[PDB]
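First comes one chain, alone, set out as structure tokens in the form deposited without its partner chain.
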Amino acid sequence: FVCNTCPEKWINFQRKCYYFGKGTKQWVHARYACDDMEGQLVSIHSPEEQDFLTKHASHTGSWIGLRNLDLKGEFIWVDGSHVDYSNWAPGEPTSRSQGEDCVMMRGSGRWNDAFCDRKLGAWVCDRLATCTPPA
């Protein structure tokens, strides 16, 4: 059993599928775009997953599945997972909004807090990879 099979217009990495979305859309507005295309906004859990994303990343920044609910201070991924791997930029995560503050990836791959209503050029979708029959 291996997971290399990817859907149309999606790139494989380990056991995940990544869609490098393009188009002027705000955070929650790109979050729902992932859903319709049978996935979710990218959950970054390893330095390897990050460097792959840094490789295919956009020059003008990309949206990622990280959102704040300060009422805790901390951040949560869209898949319900907490923050393991952290690629914060200098000063980050200092909420550039109090509470609800979404996270975006730069060209450098470095995360920074951004206003929930920022109209960004790109976003990164992700789903698990479709499995392989036995050898």
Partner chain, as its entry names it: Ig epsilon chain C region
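Residue numbers count along the first chain shown, from 1. Take the two forms, find the largest set of C-alpha atoms that superpose within 1.5 Å, and that set is the rigid core.
If you look for the form solved in complex with its partner chain, you will not find it shown, but the lines that follow are about it.
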{"query": "Any non-hydrogen atom of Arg31 within 4.5 angstroms of its partner chain in the deposited bound form", "finding": "yes"}
{"query": "In the deposited bound form, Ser108 touching its partner chain (heavy atom, 4.5 Å)", "finding": "no"}
{"query": "Residue contact check: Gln98 to its partner chain in the deposited bound form, 4.5 Å heavy atom", "finding": "yes"}
{"query": "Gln26: touches its partner chain in the deposited bound form, heavy atom cutoff 4.5 angstroms", "finding": "yes"}
{"query": "Position with Cα shift of 2 Å or more, rigid core superposed between this form and the one not shown, options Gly107, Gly73, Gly91, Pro47", "finding": "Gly73"}
